[PDB]
Every structure is written in C-alpha cells, then in structure tokens.
Amino acid sequence: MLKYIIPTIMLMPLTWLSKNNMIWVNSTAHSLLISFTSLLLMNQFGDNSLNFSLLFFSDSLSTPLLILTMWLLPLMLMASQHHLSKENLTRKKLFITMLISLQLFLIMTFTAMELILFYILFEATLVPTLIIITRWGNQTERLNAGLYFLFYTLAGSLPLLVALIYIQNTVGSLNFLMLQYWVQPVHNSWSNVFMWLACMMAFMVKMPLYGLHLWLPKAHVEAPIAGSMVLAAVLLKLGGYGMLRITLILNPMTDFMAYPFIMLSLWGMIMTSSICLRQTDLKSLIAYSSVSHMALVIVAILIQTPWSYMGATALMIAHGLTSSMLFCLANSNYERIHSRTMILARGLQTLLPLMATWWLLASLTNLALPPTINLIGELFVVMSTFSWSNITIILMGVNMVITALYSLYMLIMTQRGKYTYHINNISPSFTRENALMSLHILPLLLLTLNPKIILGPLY
Amino acid sequence: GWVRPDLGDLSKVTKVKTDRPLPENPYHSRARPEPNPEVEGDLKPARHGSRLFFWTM
Ligand SMILES: CCCCCCCCCCCCO[C@@H]1O[C@H](CO)[C@@H](O[C@H]2O[C@H](CO)[C@@H](O)[C@H](O)[C@H]2O)[C@H](O)[C@H]1O
C-alpha cells in the first residue's frame with residue numbers, strides 16, 4: 001500500500017511548496033493521478049485476498065471503498081475552492097492538508113490487517129473531521145456539532161478498544177487473516193453479551209443506527225461542503241466496513257443479539273424516511289436520507305447471508321456517490337441564496353436547466369431506479385431479508401414507497417413550480433459546478449455495466 | 001617469679017591450642033532455600049521483534 005500511502009503524503013509538500021495561485025490546480029491534478037493508480041487494486045482472486053505485507057491487505061470489500069476514497073479527494077477540492085476563495089493563503093493550505101490527512105487515514109484504515117491498527121486509524125479520522133467542521137463550518141452551532149460528533153463516536157469506540165485488547169489476550173492475535181482460522185464460537189453468557197455489544201456499538205454509532213443517529217443531522221447541517229461529502233460518502237462506511245469484518249468472530253451469538261438492532265433498523269428506516277417528508281432544511285433532509293439508507297446496510301450485515309453482504313457492499317458504494325452528489329447539488333444552491341431552507345428557492349429548472357438534469361439524475365438514483373447500482377444493492381438486501389422472515393417485505397416495500405415520495409418531493413419543491421420572485425442572483429451554473437456533478441453521476445451509472453467489482457468478497 | 005605484663009600485652013590477640021572440635025553449625029541453621037535457576041545461553045534477537053500488536057520490529 002506504500003504505492004498509495006507515499007504519494008498521498010507527498011500531496012502535503014506539493015500544496016505547501018506550490019505557487020500561491022496554484023494550490024487548487026496542483027492538488028487537484030495530482031490527487032486525480034493518485035485516484036487513477038488506485039485501479040491497480042482490482043487484482044483480486046477468487047480464493048485468496050491480496051495480502052501485501054504484515055501490515056496491509058486488500059480484498060474485494062476494501063478495494064471499492066479505497067477507490068471511492070481516493071476519487072472523493074479531488075472532488076472535495078473542487079467543491080471547496082469557491083467558498084474558500086477569500087480565506088487566508090496559509091489557511092487554505094491547512095484546509096487542503098486536513099483533507100489529505102483524512103485520505104491518508106482512510107486508505108490505511110481500509111487495508112490494515114490487524115484490528116488494533118484499524119482501530120487507531122479508525123479513530124485518527126476524527127481529528128481532521130472535527131477540525132474541518134469546527135474551524136471551517138459557517139454557523140454558531142458548528143461547535144456543538146463537533147462535540148456531539150466527537151463524544152458519540154468515543155462513547156462507543158472506547159469500549160471497542162477494551163474488547164479488541166481482550167480478544168488478543170484470549171486468541172493471541174488480532175490479525176484478520178489469523179482470525180479467519182482461529183475463530184472460535186461465542187457461547188451464551190453475560191460476559192459474551194457485553195463483548196458483543198462492545199465490538200458492535202462503535203460501528204453502530206458510525207452507520208448510524210436508528211436511535212444513535214441524532215449526531216449525524218447536526219454534523220451535516222454545520223459542516224462545510226467537503227466535510228459533508230467525506231462524512232456521507234466514506235466516514236459513514238467505516239462503521240459498515242468494521243461490522244463486516246468483526247462479525248466473523250461473533251458467531252453464533254449474532255443469531256439472537258441482532259434482534260434488537262434489526263428491529264431498530266427495520267422500523268428506523270420507516271421513521272427516518274417519513275421525517276424526510278417534513279424537513280425544512282435541504283441538508284438535513286439529505287442527512288436523514290443517509291440514516292434511512294444505512295438502516296438497510298445494518299440489517300444486511302446482521303443477518304449474515306451471501307446475498308445480504310453482496311447487497312450491503314453495493315449500497316455503501318452506491319449511497320456514497322449519491323449522497324455526496326446530493327450534498328454538492330444543494331450546496332450549489334446554497335452558494336447562491338446563502339440558505340439551506342428547501343422552500344426558499346423554487347422553480348429552479350426554469351433558471352438553471354442543466355442543473356435540473358443533475359437534480360433529476362441524483363434523485364432517480366436516490367430512490368433506486370433500476371438498473372442503477374443503488375437498486376442492485378437495495379434489491380439484494382430485500383431478497384435476503386425476505387428469506388430471513390417473509391413479513392419483512394411489508395416494511396421493505398413501504399420504505400421504497402416513502403423513499404420515492406421524499407426524493408421527488410425534494411426535486412419538485414426546489415426545481416419545479418414557479419420561481420421565487422425576489423431571488424434575482426441565480427447565476428448560470430459554472431463549469432466547475434457542472435463538472436463536479438458529472439464526476440459523481442458518470443461513475444455511478446458506469447458501474448451498472450460491471451457491477452461485480454462492487455459486490456464484495458462474497459461475489 | 002611473676003613478671004608484670006607490659007602496656008599492651010593483655011590486649012593482644014593470642015592463639016589457643018585446644019583439642020575441642022570446631023562446631024559445625026553453631027547457629028543451628030536450617031537448610032538454605034535452593035537458588036533460582038541461573039539463565040544461561042547466547043542472547044539472540046527477539047523473535048519477530050517487540051510483538052506489540054501490529055509492530056513488525
Ligand atoms: C440493545 C441491548 C440488547 C440486549 C440483549 C439481551 C440478550 C439477553 C441474553 C440472555 C441470555 C444471557 O446468557 C445467559 O447467562 C447465563 C450465565 O450466567 C447462562 O446460564 C448459566 O448461568 C446461570 C446463572 O444464573 C444458570 O441459571 C444456568 O444454569 C447456567 O447454565 C445462560 O445459559 C445464558 O443464556
């Protein structure tokens with residue numbers, strides 16, 4: 001992974017030694033080059049994962065997450081360089097440094113063999129994320145959002161550290177390849193019930209699970225655009241990625257310990273979808289849509305079937321590109337009217353015809369129109385959940401209906417109807433903005449041609 | 001014929017020639033505990049380094 005770690009570290013000198021007016025050009029150009037080379041991780045075999053060294057390995061679960069991560073960096077830079085135009089030069093270079101260091105921690109998080117190395121990087125991602133929200137957020141509430149983000153995470157992460165360390169004492173290793181062969185069953189007992197909770201609750205908070213989600217709509221409403229892109233696209237998927245790994249050593253206790261969390265997810269996805277129907281803030285709406293989508297991922301991981309993991313992997317990738325695109329679209333509106341209220345600016349298809357096309361495409365993926373990878377992921381989870389218990393089709397079906405309702409509600413409210421008379425500063429969409437949206441949607445639709453590369457290790 | 005000892009004569013340390021045997025165990029000591037085994041051998045590098053979690057050195 002050095003061929004990806006080292007060039008990522010080199011982005012820091014490049015930004016700092018770049019000419020004053022070339023920071024965005026140089027960082028964007030070379031971070032795109034790194035994203036290009038990330039495709040070499042697709043050297044995946046049917047039986048054995050790609051194990052480079054004692055420290056890093058790559059399988060079909062981490063590879064699409066790595067490619068999504070390195071793709072997101074140049075996209076984050078394009079999205080940020082307009083609202084940071086008046087920022088001090090050295091503070092620009094520090095903002096880019098926080099994003100580069102977030103990529104550094106993320107690519108090492110997804111490739112660490114051992115769970116303690118994964119834990120340290122899993123937690124290191126907090127520091128840059130917290131700094132971005134609080135230093136470069138816009139409103140007063142960014143300080144509270146940083147605190148809820150920090151302490152919700154740690155309240156779950158700290159028990160996980162204890163549990164992981166205990167596992168190494170008893171098993172002798174936390175290397176994930178070793179755990180595959182030395183995994184022993186978990187028997188019933190209160191000591192194991194709390195070991196199960198310790199191993200899972202840190203990841204539940206990241207997804208986030210329904211009930212423990214109230215930090216996420218806070219962070220999204222207060223983060224700068226780049227913060228919201230990485231938070232939605234990748235950082236949420238740290239919890240899912242960790243679950244797909246750690247459930248290996250929690251069997252068969254997952255058989256009955258999953259019941260409280262499947263009920264929260266199955267009912268929670270209906271509640272959070274319905275909340276989206278009454279949201280007044282466009283960013284909060286998109287935030288509450290992530291909670292609904294990630295409820296499917298939680299259920300899929302917890303029922304542990306070959307179809308459910310294949311669906312879980314596709315959703316995390318599909319959701320990552322769609323949610324990031326939706327945040328960028330809303331942000332482009334915000335950069336004009338300087339408000340996140342959804343009802344403030346209406347009928348924008350009249351004034352920005354091509355940006356209404358992007359709004360349409362993003363909404364169609366969000367509601368999982370086939371054959372988008374958004375639906376391939378959703379369908380696989382529904383197929384497996386049906387075999388789990390046939391009644392789940394009722395909750396799954398209702399959620400799809402409501403999911404279409406608020407997805408098109410948002411499109412209709414902002415793009416259709418009559419425009420707002422007194423808003424007269426809606427400038428034509430910039431080439432930067434149009435390219436930003438296309439670099440989300442075009443990969444997302446391209447993946448329907450070769451969906452195997454995002455289905456995960458159980459393909 | 002008694003001669004008085006000179007200054008410093010009666011503070012001398014003399015040798016005494018006696019048939020009585022030298023005691024073996026004047027303190028009535030029990031058997032002393034056996035010492036801990038003494039570790040020996042060539043000092044080699046640690047097998048795979050510290051072995052602390054993920055470190056490879
Ligand atoms: C979000 C929160 C979700 C919370 C989910 C709660 C799960 C509830 C699990 C209940 C079972 C707990 O685990 C249970 O513990 C005791 C160990 O003392 C085991 O039982 C053992 O000890 C008890 C001592 O009281 C004896 O009665 C029993 O004879 C012995 O076999 C049970 O075989 C095991 O089933």
# chains A, B, ... in the order shown; residues from 1 in each chain; ligands from 1
call {"tool": "closest_atom_pairs", "arguments": {"of": "chain A", "to": "ligand 1", "cutoff": "6 Å", "atoms": "only C-alpha atoms and all ligand atoms", "output": "JSON lines"}}
result
{"residue": "A:188", "atom": "CA", "partner": "ligand 1", "partner_atom_place_in_ligand_line": "34 (C)", "distance": 4.6}
{"residue": "A:189", "atom": "CA", "partner": "ligand 1", "partner_atom_place_in_ligand_line": "13 (O)", "distance": 3.7}
{"residue": "A:190", "atom": "CA", "partner": "ligand 1", "partner_atom_place_in_ligand_line": "13 (O)", "distance": 5.0}
{"residue": "A:257", "atom": "CA", "partner": "ligand 1", "partner_atom_place_in_ligand_line": "5 (C)", "distance": 5.6}
{"residue": "A:260", "atom": "CA", "partner": "ligand 1", "partner_atom_place_in_ligand_line": "1 (C)", "distance": 5.6}
call {"tool": "closest_atom_pairs", "arguments": {"of": "chain A", "to": "chain B", "cutoff": "9 Å", "atoms": "only C-alpha atoms", "output": "JSON lines"}}
result
{"residue": "A:54", "atom": "CA", "partner": "B:56", "partner_atom": "CA", "distance": 7.3}
{"residue": "A:55", "atom": "CA", "partner": "B:54", "partner_atom": "CA", "distance": 7.0}
{"residue": "A:113", "atom": "CA", "partner": "B:54", "partner_atom": "CA", "distance": 8.5}
{"residue": "A:114", "atom": "CA", "partner": "B:54", "partner_atom": "CA", "distance": 6.4}
{"residue": "A:115", "atom": "CA", "partner": "B:54", "partner_atom": "CA", "distance": 8.7}
{"residue": "A:116", "atom": "CA", "partner": "B:53", "partner_atom": "CA", "distance": 6.9}
{"residue": "A:117", "atom": "CA", "partner": "B:54", "partner_atom": "CA", "distance": 6.3}
{"residue": "A:168", "atom": "CA", "partner": "B:53", "partner_atom": "CA", "distance": 8.4}
{"residue": "A:173", "atom": "CA", "partner": "B:53", "partner_atom": "CA", "distance": 7.7}
{"residue": "A:174", "atom": "CA", "partner": "B:53", "partner_atom": "CA", "distance": 7.6}
{"residue": "A:175", "atom": "CA", "partner": "B:54", "partner_atom": "CA", "distance": 8.1}
call {"tool": "select_by_dssp", "arguments": {"residues": "stretch 195-385 of chain A", "states": "alpha helix (DSSP H)", "output": "ChimeraX atom specification"}}
result
/A:195-206,215-222,225-230,236-246,254-257,259-276,282-303,306-337,353-366,373-385
call {"tool": "residues_around", "arguments": {"residues": "stretch 290-306 of chain A", "least_positions_apart": "2", "cutoff": "7 Å", "atoms": "only C-alpha atoms", "output": "PDB file with N, CA, C and O atoms, in the first residue's frame"}}
result
ATOM      1  N   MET A 207     -22.738   4.164  11.653  1.00  0.00           N
ATOM      2  CA  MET A 207     -23.565   3.866  10.485  1.00  0.00           C
ATOM      3  C   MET A 207     -24.434   5.039  10.058  1.00  0.00           C
ATOM      4  O   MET A 207     -24.404   5.393   8.867  1.00  0.00           O
ATOM      5  N   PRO A 208     -25.229   5.674  10.933  1.00  0.00           N
ATOM      6  CA  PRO A 208     -25.513   5.380  12.333  1.00  0.00           C
ATOM      7  C   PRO A 208     -26.771   4.551  12.509  1.00  0.00           C
ATOM      8  O   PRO A 208     -27.655   4.591  11.664  1.00  0.00           O
ATOM      9  N   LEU A 209     -26.845   3.810  13.605  1.00  0.00           N
ATOM     10  CA  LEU A 209     -28.057   3.083  13.938  1.00  0.00           C
ATOM     11  C   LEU A 209     -29.156   4.054  14.350  1.00  0.00           C
ATOM     12  O   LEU A 209     -28.897   5.117  14.913  1.00  0.00           O
ATOM     13  N   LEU A 244     -18.698  -5.712   8.900  1.00  0.00           N
ATOM     14  CA  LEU A 244     -18.498  -6.838   8.001  1.00  0.00           C
ATOM     15  C   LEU A 244     -17.247  -7.621   8.346  1.00  0.00           C
ATOM     16  O   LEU A 244     -17.151  -8.801   7.996  1.00  0.00           O
ATOM     17  N   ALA A 258     -28.666  -9.877  17.456  1.00  0.00           N
ATOM     18  CA  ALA A 258     -29.015  -8.966  16.377  1.00  0.00           C
ATOM     19  C   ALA A 258     -30.469  -8.520  16.421  1.00  0.00           C
ATOM     20  O   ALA A 258     -30.802  -7.504  15.809  1.00  0.00           O
ATOM     21  N   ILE A 262     -31.982  -5.247  14.499  1.00  0.00           N
ATOM     22  CA  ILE A 262     -32.759  -5.376  13.276  1.00  0.00           C
ATOM     23  C   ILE A 262     -34.096  -4.670  13.429  1.00  0.00           C
ATOM     24  O   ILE A 262     -34.576  -4.015  12.498  1.00  0.00           O
ATOM     25  N   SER A 265     -33.478  -1.022  13.055  1.00  0.00           N
ATOM     26  CA  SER A 265     -33.208  -0.673  11.668  1.00  0.00           C
ATOM     27  C   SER A 265     -34.467  -0.756  10.818  1.00  0.00           C
ATOM     28  O   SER A 265     -34.780   0.173  10.069  1.00  0.00           O
ATOM     29  N   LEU A 266     -35.202  -1.864  10.911  1.00  0.00           N
ATOM     30  CA  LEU A 266     -36.370  -2.043  10.057  1.00  0.00           C
ATOM     31  C   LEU A 266     -37.424  -0.987  10.341  1.00  0.00           C
ATOM     32  O   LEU A 266     -38.022  -0.431   9.414  1.00  0.00           O
ATOM     33  N   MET A 269     -35.820   2.751   9.597  1.00  0.00           N
ATOM     34  CA  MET A 269     -35.780   3.220   8.218  1.00  0.00           C
ATOM     35  C   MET A 269     -37.126   3.784   7.782  1.00  0.00           C
ATOM     36  O   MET A 269     -37.169   4.702   6.960  1.00  0.00           O
ATOM     37  N   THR A 272     -37.287   7.361   9.677  1.00  0.00           N
ATOM     38  CA  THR A 272     -36.409   8.384   9.126  1.00  0.00           C
ATOM     39  C   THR A 272     -36.803   8.749   7.703  1.00  0.00           C
ATOM     40  O   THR A 272     -36.609   9.894   7.286  1.00  0.00           O
ATOM     41  N   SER A 273     -37.355   7.805   6.944  1.00  0.00           N
ATOM     42  CA  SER A 273     -37.886   8.151   5.633  1.00  0.00           C
ATOM     43  C   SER A 273     -39.064   9.106   5.757  1.00  0.00           C
ATOM     44  O   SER A 273     -39.196  10.046   4.968  1.00  0.00           O
ATOM     45  N   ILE A 286     -31.225  15.572   3.328  1.00  0.00           N
ATOM     46  CA  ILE A 286     -30.270  14.630   2.762  1.00  0.00           C
ATOM     47  C   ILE A 286     -29.568  13.864   3.867  1.00  0.00           C
ATOM     48  O   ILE A 286     -29.210  12.695   3.693  1.00  0.00           O
ATOM     49  N   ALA A 287     -29.349  14.503   5.016  1.00  0.00           N
ATOM     50  CA  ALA A 287     -28.777  13.795   6.154  1.00  0.00           C
ATOM     51  C   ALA A 287     -29.695  12.673   6.612  1.00  0.00           C
ATOM     52  O   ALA A 287     -29.250  11.546   6.847  1.00  0.00           O
ATOM     53  N   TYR A 288     -30.988  12.962   6.745  1.00  0.00           N
ATOM     54  CA  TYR A 288     -31.926  11.952   7.214  1.00  0.00           C
ATOM     55  C   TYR A 288     -32.152  10.860   6.187  1.00  0.00           C
ATOM     56  O   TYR A 288     -32.627   9.780   6.545  1.00  0.00           O
ATOM     57  N   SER A 308     -26.977 -10.958   1.352  1.00  0.00           N
ATOM     58  CA  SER A 308     -27.054  -9.728   2.128  1.00  0.00           C
ATOM     59  C   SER A 308     -25.729  -8.978   2.125  1.00  0.00           C
ATOM     60  O   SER A 308     -25.717  -7.748   2.061  1.00  0.00           O
ATOM     61  N   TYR A 309     -24.598  -9.685   2.208  1.00  0.00           N
ATOM     62  CA  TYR A 309     -23.324  -8.978   2.148  1.00  0.00           C
ATOM     63  C   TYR A 309     -23.065  -8.410   0.767  1.00  0.00           C
ATOM     64  O   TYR A 309     -22.475  -7.335   0.640  1.00  0.00           O
ATOM     65  N   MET A 310     -23.469  -9.120  -0.280  1.00  0.00           N
ATOM     66  CA  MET A 310     -23.320  -8.561  -1.613  1.00  0.00           C
ATOM     67  C   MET A 310     -24.151  -7.296  -1.757  1.00  0.00           C
ATOM     68  O   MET A 310     -23.684  -6.296  -2.311  1.00  0.00           O
ATOM     69  N   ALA A 312     -25.051  -5.385   0.760  1.00  0.00           N
ATOM     70  CA  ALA A 312     -24.510  -4.386   1.672  1.00  0.00           C
ATOM     71  C   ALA A 312     -23.356  -3.631   1.034  1.00  0.00           C
ATOM     72  O   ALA A 312     -23.242  -2.412   1.189  1.00  0.00           O
ATOM     73  N   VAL A 381     -30.544  -6.852  -0.663  1.00  0.00           N
ATOM     74  CA  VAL A 381     -30.871  -6.826   0.756  1.00  0.00           C
ATOM     75  C   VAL A 381     -32.315  -7.249   0.975  1.00  0.00           C
ATOM     76  O   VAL A 381     -32.639  -7.917   1.963  1.00  0.00           O
ATOM     77  N   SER A 384     -32.599 -11.159   0.496  1.00  0.00           N
ATOM     78  CA  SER A 384     -32.116 -11.902   1.651  1.00  0.00           C
ATOM     79  C   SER A 384     -33.001 -11.674   2.867  1.00  0.00           C
ATOM     80  O   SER A 384     -33.256 -12.602   3.637  1.00  0.00           O
ATOM     81  N   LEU A 458     -17.999 -11.826  -1.330  1.00  0.00           N
ATOM     82  CA  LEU A 458     -18.877 -12.974  -1.486  1.00  0.00           C
ATOM     83  C   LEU A 458     -19.453 -13.086  -2.883  1.00  0.00           C
ATOM     84  O   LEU A 458     -20.357 -13.895  -3.102  1.00  0.00           O
TER      85      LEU A 458
END
call {"tool": "residues_around", "arguments": {"residues": "residue A:107", "least_positions_apart": "2", "cutoff": "12 Å", "atoms": "only C-alpha atoms", "output": "MDAnalysis selection string"}}
result
chainID A and resid 1:9 34:35 38 41 56:58 62:73 100:105 109:112 118 121:122 124:125 234:235 238
